[PDB]
Each structure stands twice: as structure tokens, then as C-alpha cells.
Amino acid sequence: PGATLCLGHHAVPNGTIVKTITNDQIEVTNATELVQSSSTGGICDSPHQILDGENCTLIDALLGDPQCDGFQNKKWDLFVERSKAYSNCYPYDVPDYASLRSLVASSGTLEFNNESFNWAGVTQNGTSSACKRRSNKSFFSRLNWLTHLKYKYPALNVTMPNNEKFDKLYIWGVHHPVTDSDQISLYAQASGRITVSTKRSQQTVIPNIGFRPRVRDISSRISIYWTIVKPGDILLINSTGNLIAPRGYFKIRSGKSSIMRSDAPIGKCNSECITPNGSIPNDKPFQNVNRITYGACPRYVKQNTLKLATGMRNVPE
């Protein structure tokens, strides 16, 4: 009689279809998903330092818009900018806005140090009804609106040496009045001109008198500029009118900081990978949640599923 001895392998009733080089659909005993396609819907507040902008864009927090005083000197790994954010101060623009936003985002700090600029012969601390604090007229906290003193505005020729071991970021501006009579009422001379320089750079800006559409009842504008001052260099501001002066400098750091646009709520939880949709698990190598990411994240791909076989071909009975 003898015996029979058969060699064989397992199978499962419920196999999984995968793709191969020679076949787009072959059933294997088991597989695992390589594309993360879901989020929790919230941004976990750990382990990255999250700063929710709430009503404030980064730039409004920088300049010191009245809704943003709580942000002074704060740091972040990720600044979260909300779609509802709006400005509630003097109407302004920033030539190169995207670059200023980027460089502050990447620096990751609003640390500010006041400095004693000698604004000899002018009136300081100008304010406006377009920028209220507690119903008083106010202005951007980090800027100083200079105007005539007893109908004179003597030329400004002011120096600030950088004797620190770090770089300084100065934010300053030019006021563009609505009319010639407004120019004279504020600065006591028919035009201004502003030249801000260091040993290695210079910027001059000309005010441009004219009407723009009223925003918070203001038809004038302020245009914002910036200057970085290296250790051993010197900031020189020279102007005859229309200067929106710096009150000091911001620290500029380097590191892992960034900014993200999202309306996702912040939650008390821990997740390494952040997207605008919310935090996502980072076990898988790929994800199709969002091209925009921060942290240790799977790589964005177009596919919504990629199944890696983790077993043999399934050959059911």
C-alpha cells in the first residue's frame, strides 16, 4: 500500500487584489496599504510648537495690529494662519509681502527689542481712528508715526549701530498722504523722501500723494519695507517727511519654523505630521491628503491607494 505525502501552502477565503509588473489584478493572501488617505481633521498641538494666528496674519502680528498684542515676542515651529483673518489698523501694503511673510515664518520668532532712536525735532507716536485700541486712536505697536513739531520737520539723519552678535531685522514704512494739503498738515513740506542704508545696502522710497479707495475711512496708504543689519554694520535712516519709523528690531533666527494656511481646529494630541487638513499618521511611506506638509510626513502622491503584498498568491480551494 505505502503512503502519499503532499507538499503545499496555505490559502485564505478572503484574499486582497494587488498590482504587479505583469498583471494589474492578482489576488494575494494579505497586503498592507502604503498611501495614507485620511486625517483626524484637527492639528495636534504636540510635539511641534503651534501658534494659532486666530484673527491675525503673521504680518499683522509682526507690525502690531490691535487684535494681535497677545503675540508679542512669541515663538513657533508652525504658525497657523486662518482664512478669516483680517487687518484692523491703518491700510497698508508690503511690496514683496510673500518674502517678508516667508522670512519671518522661517525665523520662527516675534522677539522684539526696543531701541532709543533720537528723533530730534519732530512729534512722535501719531495715531489714527482706523487703528483703535479700546476705542482710543492708536497705531501699529512696532511703528512710530512721526509728524511736524510746531510746523517744522527738520531733516532726520539717525544712526543705530549693531553691536550684537546676531542680525537685526528692522521694519519701517512710508506714509502716502491722500492730498497735498494732508502732506503739509502732517510734515510741513511739500514732499518727503526716505533713504535707509547700511554699509552694504540701500533703499530709497518716494511718497506718492493721491487717492486710493477708502478702507476704514482712510484713502491714504502706508507701504512697509524691511532691512537686515549684520553685526558690526550700522542702520542709517535719512528722511525729510513721511517716515513711519521703527521702534527697534526683531531677532532673526534660523531653524525649522514655518507657516501654514489652515482652518483646522487645534487639538490636544500628539502627531508628527501636519497638513492643512489636520495631522496625519506617518507610518506609511506615501500620502494623498495634501501636498502641503510640515514635519515627519509621508510623501505626497496622486494615487489614493497602493497595496503592498505581504503574502503569497492566494489560490483558494
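Sequential numbering from 1, following the sequence displayed.
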{"item": "Mean Cα B-factor comparison, 102 to 110 or 164 to 172, giving the higher one as deposited", "value": "164 to 172"}
{"item": "Residue stretch of maximal mean CA temperature factor, 282 to 290 vs 246 to 254", "value": "246 to 254"}
{"item": "From 74, 82, 193, 142, residue of greatest CA B-factor", "value": "193"}
{"item": "Chain-wide C-alpha B factor ranking for residue 38, given as lowest, middle or highest third", "value": "middle"}
{"item": "Cα B factor band for residue 78 (lowest, middle or highest third within the chain)", "value": "lowest"}
{"item": "Residue 1 CA temperature factor, ranked by third within the chain", "value": "highest"}
